[PDB]
file data_13.tsv (TSV, N, CA and C atoms)
chain	number	residue	atom	x	y	z
A	1	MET	N	115.22	78.06	54.97
A	1	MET	CA	115.93	79.10	55.70
A	1	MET	C	115.68	78.98	57.20
A	2	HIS	N	116.73	79.04	58.03
A	2	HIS	CA	116.42	78.98	59.47
A	2	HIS	C	115.73	80.29	59.87
A	3	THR	N	114.47	80.17	60.27
A	3	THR	CA	113.69	81.34	60.64
A	3	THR	C	113.56	81.50	62.15
A	4	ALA	N	113.25	82.71	62.58
A	4	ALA	CA	113.07	83.01	64.00
A	4	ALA	C	111.72	82.50	64.50
A	5	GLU	N	111.74	81.47	65.34
A	5	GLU	CA	110.50	80.91	65.86
A	5	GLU	C	110.01	81.67	67.08
A	6	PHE	N	108.70	81.65	67.28
A	6	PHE	CA	108.04	82.31	68.40
A	6	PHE	C	106.93	81.40	68.96
A	7	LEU	N	107.06	80.99	70.21
A	7	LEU	CA	106.07	80.12	70.80
A	7	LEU	C	104.77	80.84	71.15
A	8	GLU	N	103.73	80.03	71.21
A	8	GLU	CA	102.35	80.39	71.55
A	8	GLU	C	102.29	80.70	73.06
A	9	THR	N	102.06	81.94	73.46
A	9	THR	CA	102.04	82.21	74.90
A	9	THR	C	100.71	82.79	75.36
A	10	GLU	N	100.47	82.64	76.66
A	10	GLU	CA	99.26	83.14	77.31
A	10	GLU	C	99.43	84.60	77.72
A	11	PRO	N	98.34	85.19	78.22
A	11	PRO	CA	98.38	86.58	78.69
A	11	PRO	C	99.32	86.71	79.89
A	12	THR	N	99.95	87.87	80.02
A	12	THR	CA	100.92	88.10	81.08
A	12	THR	C	100.31	88.08	82.47
A	13	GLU	N	100.93	87.30	83.35
A	13	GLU	CA	100.48	87.24	84.75
A	13	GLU	C	101.03	88.46	85.50
A	14	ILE	N	100.20	89.17	86.26
A	14	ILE	CA	100.67	90.34	86.99
A	14	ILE	C	101.85	90.01	87.89
A	15	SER	N	101.77	88.85	88.53
A	15	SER	CA	102.78	88.34	89.43
A	15	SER	C	104.11	88.07	88.77
A	16	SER	N	104.25	88.31	87.47
A	16	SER	CA	105.56	88.07	86.84
A	16	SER	C	106.28	89.41	86.65
A	17	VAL	N	105.47	90.46	86.62
A	17	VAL	CA	105.88	91.82	86.38
A	17	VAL	C	106.43	92.52	87.61
A	18	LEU	N	107.75	92.64	87.69
A	18	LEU	CA	108.40	93.32	88.81
A	18	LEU	C	109.07	94.62	88.34
A	19	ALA	N	109.29	94.70	87.03
A	19	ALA	CA	109.92	95.82	86.37
A	19	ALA	C	109.29	97.15	86.66
A	20	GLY	N	108.04	97.18	87.11
A	20	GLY	CA	107.42	98.47	87.40
A	20	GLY	C	108.06	99.16	88.59
A	21	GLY	N	108.81	98.40	89.38
A	21	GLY	CA	109.44	98.97	90.55
A	21	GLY	C	110.88	99.43	90.44
A	22	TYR	N	111.57	99.13	89.34
A	22	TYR	CA	112.96	99.55	89.23
A	22	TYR	C	113.31	100.06	87.84
A	23	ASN	N	112.42	100.79	87.19
A	23	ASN	CA	112.69	101.27	85.83
A	23	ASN	C	113.22	102.69	85.82
A	24	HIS	N	113.27	103.34	86.98
A	24	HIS	CA	113.77	104.73	87.01
A	24	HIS	C	114.99	104.81	87.93
A	25	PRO	N	115.90	105.76	87.70
A	25	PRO	CA	117.09	105.87	88.54
A	25	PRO	C	116.74	106.09	90.00
A	26	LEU	N	115.79	106.98	90.27
A	26	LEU	CA	115.40	107.26	91.65
A	26	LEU	C	114.77	106.04	92.30
A	27	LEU	N	114.17	105.18	91.48
A	27	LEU	CA	113.53	103.98	92.02
A	27	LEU	C	114.59	103.00	92.53
A	28	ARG	N	115.75	103.03	91.89
A	28	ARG	CA	116.83	102.13	92.29
A	28	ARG	C	117.30	102.45	93.70
A	29	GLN	N	117.01	103.67	94.14
A	29	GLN	CA	117.34	104.13	95.48
A	29	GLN	C	116.19	103.77	96.44
A	30	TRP	N	114.98	103.85	95.90
A	30	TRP	CA	113.74	103.56	96.60
A	30	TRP	C	113.69	102.09	97.02
A	31	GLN	N	114.33	101.24	96.23
A	31	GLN	CA	114.37	99.82	96.44
A	31	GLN	C	115.37	99.36	97.48
A	32	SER	N	116.26	100.23	97.93
A	32	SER	CA	117.26	99.80	98.92
A	32	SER	C	116.71	99.86	100.34
A	33	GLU	N	117.05	98.85	101.14
A	33	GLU	CA	116.60	98.78	102.53
A	33	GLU	C	117.10	99.97	103.33
A	34	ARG	N	118.32	100.42	103.04
A	34	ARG	CA	118.90	101.56	103.71
A	34	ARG	C	119.91	102.30	102.88
A	35	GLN	N	119.86	103.63	102.94
A	35	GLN	CA	120.77	104.43	102.14
A	35	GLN	C	122.05	104.76	102.89
A	36	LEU	N	123.11	104.93	102.11
A	36	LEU	CA	124.45	105.23	102.58
A	36	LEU	C	124.65	106.69	102.93
A	37	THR	N	124.95	106.97	104.20
A	37	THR	CA	125.22	108.31	104.69
A	37	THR	C	126.66	108.41	105.20
A	38	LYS	N	127.20	109.62	105.20
A	38	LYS	CA	128.56	109.86	105.65
A	38	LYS	C	128.75	109.50	107.12
A	39	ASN	N	127.72	109.71	107.93
A	39	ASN	CA	127.86	109.40	109.35
A	39	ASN	C	127.73	107.92	109.63
A	40	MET	N	128.02	107.11	108.62
A	40	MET	CA	127.96	105.65	108.75
A	40	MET	C	129.38	105.06	108.62
A	41	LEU	N	130.32	105.93	108.26
A	41	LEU	CA	131.68	105.52	108.01
A	41	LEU	C	132.61	105.72	109.20
A	42	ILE	N	133.39	104.68	109.45
A	42	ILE	CA	134.40	104.70	110.51
A	42	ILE	C	135.79	104.57	109.87
A	43	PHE	N	136.56	105.65	109.91
A	43	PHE	CA	137.90	105.63	109.32
A	43	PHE	C	138.93	105.08	110.30
A	44	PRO	N	139.67	104.05	109.86
A	44	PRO	CA	140.71	103.47	110.72
A	44	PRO	C	141.99	104.30	110.70
A	45	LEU	N	142.68	104.32	111.83
A	45	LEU	CA	143.93	105.05	111.99
A	45	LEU	C	144.98	104.18	112.69
A	46	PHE	N	146.22	104.28	112.24
A	46	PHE	CA	147.32	103.51	112.83
A	46	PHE	C	148.33	104.47	113.48
A	47	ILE	N	148.17	104.73	114.77
A	47	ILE	CA	149.05	105.64	115.47
A	47	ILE	C	150.41	105.03	115.78
A	48	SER	N	151.45	105.80	115.47
A	48	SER	CA	152.83	105.38	115.69
A	48	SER	C	153.43	106.03	116.92
A	49	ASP	N	154.40	105.38	117.57
A	49	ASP	CA	155.00	106.02	118.73
A	49	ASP	C	155.86	107.19	118.35
G	1	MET	N	113.65	111.80	162.23
G	1	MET	CA	113.75	112.52	160.96
G	1	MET	C	113.51	111.57	159.78
G	2	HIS	N	112.67	111.95	158.82
G	2	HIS	CA	112.52	111.02	157.68
G	2	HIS	C	113.82	111.04	156.87
G	3	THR	N	114.50	109.90	156.86
G	3	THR	CA	115.77	109.78	156.16
G	3	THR	C	115.64	109.06	154.83
G	4	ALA	N	116.62	109.28	153.95
G	4	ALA	CA	116.64	108.65	152.64
G	4	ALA	C	117.07	107.19	152.75
G	5	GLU	N	116.14	106.27	152.51
G	5	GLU	CA	116.47	104.84	152.60
G	5	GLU	C	117.07	104.33	151.30
G	6	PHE	N	117.89	103.29	151.43
G	6	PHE	CA	118.55	102.64	150.30
G	6	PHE	C	118.53	101.12	150.50
G	7	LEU	N	117.89	100.40	149.59
G	7	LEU	CA	117.80	98.96	149.71
G	7	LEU	C	119.11	98.26	149.36
G	8	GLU	N	119.22	97.07	149.92
G	8	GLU	CA	120.33	96.12	149.75
G	8	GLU	C	120.26	95.53	148.33
G	9	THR	N	121.20	95.84	147.45
G	9	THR	CA	121.10	95.29	146.10
G	9	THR	C	122.30	94.43	145.72
G	10	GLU	N	122.07	93.57	144.73
G	10	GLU	CA	123.09	92.68	144.21
G	10	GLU	C	123.92	93.37	143.13
G	11	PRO	N	124.97	92.67	142.67
G	11	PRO	CA	125.82	93.22	141.61
G	11	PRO	C	125.02	93.38	140.31
G	12	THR	N	125.38	94.38	139.51
G	12	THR	CA	124.67	94.70	138.29
G	12	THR	C	124.76	93.60	137.25
G	13	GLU	N	123.60	93.20	136.72
G	13	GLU	CA	123.56	92.20	135.65
G	13	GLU	C	123.89	92.88	134.31
G	14	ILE	N	124.79	92.31	133.52
G	14	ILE	CA	125.14	92.92	132.24
G	14	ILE	C	123.91	93.16	131.37
G	15	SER	N	123.00	92.19	131.38
G	15	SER	CA	121.77	92.20	130.63
G	15	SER	C	120.83	93.32	131.03
G	16	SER	N	121.19	94.16	132.00
G	16	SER	CA	120.28	95.25	132.37
G	16	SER	C	120.79	96.56	131.74
G	17	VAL	N	122.08	96.55	131.45
G	17	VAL	CA	122.82	97.67	130.92
G	17	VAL	C	122.68	97.85	129.42
G	18	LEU	N	121.86	98.81	129.01
G	18	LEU	CA	121.66	99.11	127.59
G	18	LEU	C	122.24	100.48	127.24
G	19	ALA	N	122.43	101.30	128.27
G	19	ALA	CA	122.94	102.64	128.18
G	19	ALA	C	124.25	102.76	127.44
G	20	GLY	N	125.01	101.68	127.31
G	20	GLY	CA	126.28	101.79	126.59
G	20	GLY	C	126.08	102.05	125.11
G	21	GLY	N	124.86	101.81	124.63
G	21	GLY	CA	124.59	102.00	123.22
G	21	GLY	C	123.97	103.31	122.79
G	22	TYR	N	123.54	104.16	123.72
G	22	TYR	CA	122.92	105.42	123.32
G	22	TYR	C	123.35	106.59	124.19
G	23	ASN	N	124.61	106.65	124.60
G	23	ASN	CA	125.06	107.73	125.47
G	23	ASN	C	125.72	108.86	124.70
G	24	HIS	N	125.89	108.70	123.39
G	24	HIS	CA	126.53	109.76	122.60
G	24	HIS	C	125.57	110.24	121.51
G	25	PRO	N	125.68	111.49	121.07
G	25	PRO	CA	124.78	112.00	120.03
G	25	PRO	C	124.85	111.18	118.75
G	26	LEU	N	126.06	110.85	118.31
G	26	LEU	CA	126.22	110.07	117.09
G	26	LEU	C	125.64	108.67	117.24
G	27	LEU	N	125.61	108.18	118.47
G	27	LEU	CA	125.07	106.85	118.73
G	27	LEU	C	123.56	106.84	118.52
G	28	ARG	N	122.94	107.98	118.79
G	28	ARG	CA	121.48	108.08	118.63
G	28	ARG	C	121.09	107.92	117.18
G	29	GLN	N	122.06	108.15	116.30
G	29	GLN	CA	121.87	107.99	114.86
G	29	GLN	C	122.17	106.54	114.46
G	30	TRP	N	123.16	105.99	115.15
G	30	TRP	CA	123.63	104.62	114.96
G	30	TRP	C	122.53	103.61	115.29
G	31	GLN	N	121.67	104.00	116.23
G	31	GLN	CA	120.59	103.17	116.72
G	31	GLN	C	119.38	103.15	115.82
G	32	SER	N	119.29	104.03	114.83
G	32	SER	CA	118.10	104.04	113.97
G	32	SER	C	118.20	103.02	112.85
G	33	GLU	N	117.09	102.35	112.57
G	33	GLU	CA	117.03	101.34	111.51
G	33	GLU	C	117.36	101.95	110.15
G	34	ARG	N	116.93	103.19	109.92
G	34	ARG	CA	117.20	103.88	108.69
G	34	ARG	C	117.22	105.37	108.83
G	35	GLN	N	118.19	106.01	108.16
G	35	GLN	CA	118.32	107.46	108.28
G	35	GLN	C	117.53	108.18	107.20
G	36	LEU	N	117.11	109.39	107.55
G	36	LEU	CA	116.32	110.27	106.72
G	36	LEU	C	117.15	111.02	105.69
G	37	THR	N	116.87	110.78	104.41
G	37	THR	CA	117.53	111.45	103.30
G	37	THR	C	116.52	112.29	102.50
G	38	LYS	N	117.02	113.30	101.81
G	38	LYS	CA	116.17	114.18	101.02
G	38	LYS	C	115.47	113.44	99.89
G	39	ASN	N	116.13	112.43	99.32
G	39	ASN	CA	115.52	111.71	98.22
G	39	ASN	C	114.49	110.70	98.71
G	40	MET	N	113.94	110.96	99.89
G	40	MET	CA	112.92	110.08	100.48
G	40	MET	C	111.58	110.84	100.56
G	41	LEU	N	111.64	112.13	100.25
G	41	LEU	CA	110.49	113.00	100.36
G	41	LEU	C	109.75	113.20	99.05
G	42	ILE	N	108.43	113.09	99.15
G	42	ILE	CA	107.54	113.32	98.01
G	42	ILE	C	106.65	114.54	98.32
G	43	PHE	N	106.89	115.63	97.61
G	43	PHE	CA	106.11	116.84	97.83
G	43	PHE	C	104.81	116.83	97.03
G	44	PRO	N	103.68	117.01	97.73
G	44	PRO	CA	102.39	117.04	97.04
G	44	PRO	C	102.12	118.40	96.39
G	45	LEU	N	101.43	118.36	95.26
G	45	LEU	CA	101.07	119.56	94.51
G	45	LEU	C	99.59	119.51	94.09
G	46	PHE	N	98.93	120.66	94.16
G	46	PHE	CA	97.52	120.76	93.78
G	46	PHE	C	97.38	121.67	92.55
G	47	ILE	N	97.39	121.09	91.35
G	47	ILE	CA	97.29	121.87	90.13
G	47	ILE	C	95.88	122.36	89.86
G	48	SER	N	95.79	123.65	89.54
G	48	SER	CA	94.52	124.30	89.25
G	48	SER	C	94.31	124.49	87.76
G	49	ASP	N	93.06	124.53	87.30
G	49	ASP	CA	92.85	124.74	85.87
G	49	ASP	C	93.19	126.15	85.46
call {"tool": "encode", "arguments": {"input": "data_13.tsv", "output": "structure tokens"}}
result
Amino acid sequence: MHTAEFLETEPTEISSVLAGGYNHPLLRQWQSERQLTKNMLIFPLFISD
Amino acid sequence: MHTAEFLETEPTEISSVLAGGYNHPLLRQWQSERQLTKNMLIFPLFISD
């Protein structure tokens, strides 16, 4: 029977674990370099004669 | 009479003029690396037994 194989692995290296920083919704905001504010938007206008 | 002296100056170098970037209130916000949002604040709490 084709069985599910599992390789022999070593203990987890701390340096591989990044998931501790983006597992919560608020963290996904915490991870951004800069947040989006309304006073960041420039609306274009096309004036006609 | 002590009079107000004024030295002989050359034409303005563009590279001296930075004022074009912070003369408006909204520009003072435009100049910040990152804006302050409410979801950036962590309120401390001291729980008692």
call {"tool": "calpha_fit_and_write", "arguments": {"input": "data_13.tsv", "fixed": "chain G", "moving": "chain A", "output": "JSON list (two decimals) with N, CA and C atoms, keeping the file's coordinate frame"}}
result
[["chain", "number", "residue", "atom", "x", "y", "z"],
["A", 1, "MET", "N", 113.65, 111.80, 162.22],
["A", 1, "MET", "CA", 113.75, 112.51, 160.96],
["A", 1, "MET", "C", 113.51, 111.57, 159.78],
["A", 2, "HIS", "N", 112.67, 111.95, 158.82],
["A", 2, "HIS", "CA", 112.52, 111.02, 157.68],
["A", 2, "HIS", "C", 113.82, 111.04, 156.87],
["A", 3, "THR", "N", 114.50, 109.89, 156.86],
["A", 3, "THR", "CA", 115.77, 109.78, 156.17],
["A", 3, "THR", "C", 115.64, 109.07, 154.83],
["A", 4, "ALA", "N", 116.61, 109.28, 153.96],
["A", 4, "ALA", "CA", 116.63, 108.64, 152.64],
["A", 4, "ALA", "C", 117.07, 107.18, 152.75],
["A", 5, "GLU", "N", 116.14, 106.26, 152.51],
["A", 5, "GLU", "CA", 116.47, 104.84, 152.60],
["A", 5, "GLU", "C", 117.07, 104.32, 151.30],
["A", 6, "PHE", "N", 117.89, 103.29, 151.43],
["A", 6, "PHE", "CA", 118.56, 102.64, 150.30],
["A", 6, "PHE", "C", 118.53, 101.12, 150.50],
["A", 7, "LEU", "N", 117.88, 100.40, 149.59],
["A", 7, "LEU", "CA", 117.80, 98.97, 149.71],
["A", 7, "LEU", "C", 119.11, 98.26, 149.36],
["A", 8, "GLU", "N", 119.22, 97.07, 149.91],
["A", 8, "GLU", "CA", 120.33, 96.12, 149.75],
["A", 8, "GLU", "C", 120.26, 95.53, 148.33],
["A", 9, "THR", "N", 121.20, 95.84, 147.45],
["A", 9, "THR", "CA", 121.09, 95.29, 146.10],
["A", 9, "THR", "C", 122.30, 94.43, 145.72],
["A", 10, "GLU", "N", 122.07, 93.57, 144.74],
["A", 10, "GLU", "CA", 123.09, 92.67, 144.21],
["A", 10, "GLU", "C", 123.92, 93.37, 143.13],
["A", 11, "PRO", "N", 124.96, 92.67, 142.67],
["A", 11, "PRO", "CA", 125.82, 93.21, 141.60],
["A", 11, "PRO", "C", 125.02, 93.38, 140.31],
["A", 12, "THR", "N", 125.39, 94.38, 139.52],
["A", 12, "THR", "CA", 124.67, 94.69, 138.29],
["A", 12, "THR", "C", 124.76, 93.59, 137.24],
["A", 13, "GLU", "N", 123.60, 93.21, 136.72],
["A", 13, "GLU", "CA", 123.56, 92.20, 135.65],
["A", 13, "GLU", "C", 123.89, 92.88, 134.32],
["A", 14, "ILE", "N", 124.78, 92.31, 133.51],
["A", 14, "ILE", "CA", 125.14, 92.92, 132.24],
["A", 14, "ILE", "C", 123.91, 93.15, 131.37],
["A", 15, "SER", "N", 123.01, 92.19, 131.38],
["A", 15, "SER", "CA", 121.77, 92.21, 130.63],
["A", 15, "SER", "C", 120.83, 93.32, 131.03],
["A", 16, "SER", "N", 121.19, 94.16, 132.00],
["A", 16, "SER", "CA", 120.28, 95.25, 132.37],
["A", 16, "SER", "C", 120.79, 96.56, 131.74],
["A", 17, "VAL", "N", 122.08, 96.55, 131.45],
["A", 17, "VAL", "CA", 122.82, 97.67, 130.93],
["A", 17, "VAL", "C", 122.68, 97.85, 129.43],
["A", 18, "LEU", "N", 121.86, 98.81, 129.01],
["A", 18, "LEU", "CA", 121.66, 99.11, 127.59],
["A", 18, "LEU", "C", 122.24, 100.49, 127.24],
["A", 19, "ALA", "N", 122.43, 101.30, 128.27],
["A", 19, "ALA", "CA", 122.94, 102.65, 128.18],
["A", 19, "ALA", "C", 124.25, 102.76, 127.44],
["A", 20, "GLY", "N", 125.01, 101.68, 127.31],
["A", 20, "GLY", "CA", 126.28, 101.79, 126.59],
["A", 20, "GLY", "C", 126.08, 102.04, 125.11],
["A", 21, "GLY", "N", 124.86, 101.80, 124.63],
["A", 21, "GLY", "CA", 124.59, 102.00, 123.22],
["A", 21, "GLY", "C", 123.97, 103.31, 122.79],
["A", 22, "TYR", "N", 123.53, 104.16, 123.72],
["A", 22, "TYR", "CA", 122.92, 105.42, 123.31],
["A", 22, "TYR", "C", 123.35, 106.59, 124.19],
["A", 23, "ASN", "N", 124.61, 106.65, 124.59],
["A", 23, "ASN", "CA", 125.06, 107.73, 125.47],
["A", 23, "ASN", "C", 125.72, 108.86, 124.70],
["A", 24, "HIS", "N", 125.89, 108.69, 123.39],
["A", 24, "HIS", "CA", 126.53, 109.76, 122.60],
["A", 24, "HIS", "C", 125.57, 110.24, 121.51],
["A", 25, "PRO", "N", 125.68, 111.49, 121.06],
["A", 25, "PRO", "CA", 124.78, 112.00, 120.03],
["A", 25, "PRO", "C", 124.85, 111.18, 118.76],
["A", 26, "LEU", "N", 126.06, 110.85, 118.31],
["A", 26, "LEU", "CA", 126.22, 110.07, 117.09],
["A", 26, "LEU", "C", 125.64, 108.68, 117.24],
["A", 27, "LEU", "N", 125.61, 108.18, 118.48],
["A", 27, "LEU", "CA", 125.07, 106.84, 118.72],
["A", 27, "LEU", "C", 123.55, 106.84, 118.51],
["A", 28, "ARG", "N", 122.94, 107.98, 118.79],
["A", 28, "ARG", "CA", 121.49, 108.08, 118.64],
["A", 28, "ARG", "C", 121.09, 107.92, 117.18],
["A", 29, "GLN", "N", 122.05, 108.15, 116.29],
["A", 29, "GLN", "CA", 121.86, 108.00, 114.86],
["A", 29, "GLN", "C", 122.17, 106.54, 114.46],
["A", 30, "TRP", "N", 123.16, 105.98, 115.15],
["A", 30, "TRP", "CA", 123.63, 104.62, 114.95],
["A", 30, "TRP", "C", 122.53, 103.61, 115.30],
["A", 31, "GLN", "N", 121.67, 103.99, 116.23],
["A", 31, "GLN", "CA", 120.60, 103.17, 116.71],
["A", 31, "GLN", "C", 119.37, 103.15, 115.82],
["A", 32, "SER", "N", 119.29, 104.03, 114.83],
["A", 32, "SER", "CA", 118.10, 104.04, 113.97],
["A", 32, "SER", "C", 118.20, 103.02, 112.85],
["A", 33, "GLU", "N", 117.08, 102.35, 112.56],
["A", 33, "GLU", "CA", 117.03, 101.34, 111.51],
["A", 33, "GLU", "C", 117.37, 101.95, 110.15],
["A", 34, "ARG", "N", 116.93, 103.18, 109.92],
["A", 34, "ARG", "CA", 117.20, 103.88, 108.69],
["A", 34, "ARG", "C", 117.23, 105.38, 108.83],
["A", 35, "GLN", "N", 118.19, 106.01, 108.16],
["A", 35, "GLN", "CA", 118.32, 107.45, 108.27],
["A", 35, "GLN", "C", 117.53, 108.18, 107.20],
["A", 36, "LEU", "N", 117.11, 109.39, 107.55],
["A", 36, "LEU", "CA", 116.32, 110.28, 106.72],
["A", 36, "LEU", "C", 117.15, 111.02, 105.69],
["A", 37, "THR", "N", 116.87, 110.78, 104.41],
["A", 37, "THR", "CA", 117.53, 111.45, 103.30],
["A", 37, "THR", "C", 116.52, 112.28, 102.50],
["A", 38, "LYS", "N", 117.02, 113.30, 101.82],
["A", 38, "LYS", "CA", 116.17, 114.18, 101.02],
["A", 38, "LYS", "C", 115.47, 113.44, 99.89],
["A", 39, "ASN", "N", 116.13, 112.44, 99.32],
["A", 39, "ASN", "CA", 115.51, 111.71, 98.23],
["A", 39, "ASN", "C", 114.49, 110.70, 98.71],
["A", 40, "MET", "N", 113.94, 110.96, 99.89],
["A", 40, "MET", "CA", 112.92, 110.08, 100.48],
["A", 40, "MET", "C", 111.58, 110.84, 100.56],
["A", 41, "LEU", "N", 111.64, 112.13, 100.25],
["A", 41, "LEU", "CA", 110.49, 113.00, 100.36],
["A", 41, "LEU", "C", 109.75, 113.20, 99.05],
["A", 42, "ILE", "N", 108.43, 113.09, 99.15],
["A", 42, "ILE", "CA", 107.54, 113.32, 98.02],
["A", 42, "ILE", "C", 106.65, 114.54, 98.32],
["A", 43, "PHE", "N", 106.89, 115.63, 97.61],
["A", 43, "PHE", "CA", 106.11, 116.85, 97.83],
["A", 43, "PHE", "C", 104.81, 116.83, 97.03],
["A", 44, "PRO", "N", 103.68, 117.02, 97.73],
["A", 44, "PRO", "CA", 102.39, 117.04, 97.04],
["A", 44, "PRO", "C", 102.12, 118.40, 96.39],
["A", 45, "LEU", "N", 101.42, 118.36, 95.26],
["A", 45, "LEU", "CA", 101.07, 119.56, 94.51],
["A", 45, "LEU", "C", 99.59, 119.52, 94.09],
["A", 46, "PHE", "N", 98.93, 120.66, 94.16],
["A", 46, "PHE", "CA", 97.52, 120.75, 93.77],
["A", 46, "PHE", "C", 97.38, 121.67, 92.55],
["A", 47, "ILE", "N", 97.39, 121.09, 91.35],
["A", 47, "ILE", "CA", 97.29, 121.86, 90.14],
["A", 47, "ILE", "C", 95.88, 122.36, 89.86],
["A", 48, "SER", "N", 95.79, 123.65, 89.54],
["A", 48, "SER", "CA", 94.52, 124.30, 89.25],
["A", 48, "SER", "C", 94.31, 124.49, 87.76],
["A", 49, "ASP", "N", 93.06, 124.53, 87.30],
["A", 49, "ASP", "CA", 92.85, 124.74, 85.87],
["A", 49, "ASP", "C", 93.19, 126.15, 85.46]]
call {"tool": "interface_residues", "arguments": {"input": "data_13.tsv", "of": "chain A", "to": "chain G", "cutoff": "7 Å", "atoms": "all atoms listed in the file", "output": "PyMOL selection string"}}
result
chain A and resi 33-35
call {"tool": "select_by_dssp", "arguments": {"input": "data_13.tsv", "residues": "chain G", "states": "alpha helix (DSSP H)", "output": "PyMOL selection string"}}
result
chain G and resi 25-30
call {"tool": "atom_distance", "arguments": {"input": "data_13.tsv", "atom1": "CA of residue 15 (chain G)", "atom2": "atom C of residue 41 (chain A)"}}
result
27.6 Å
call {"tool": "atom_distance", "arguments": {"input": "data_13.tsv", "atom1": "atom C of residue 16 (chain A)", "atom2": "atom N of residue 42 (chain G)"}}
result
26.9 Å
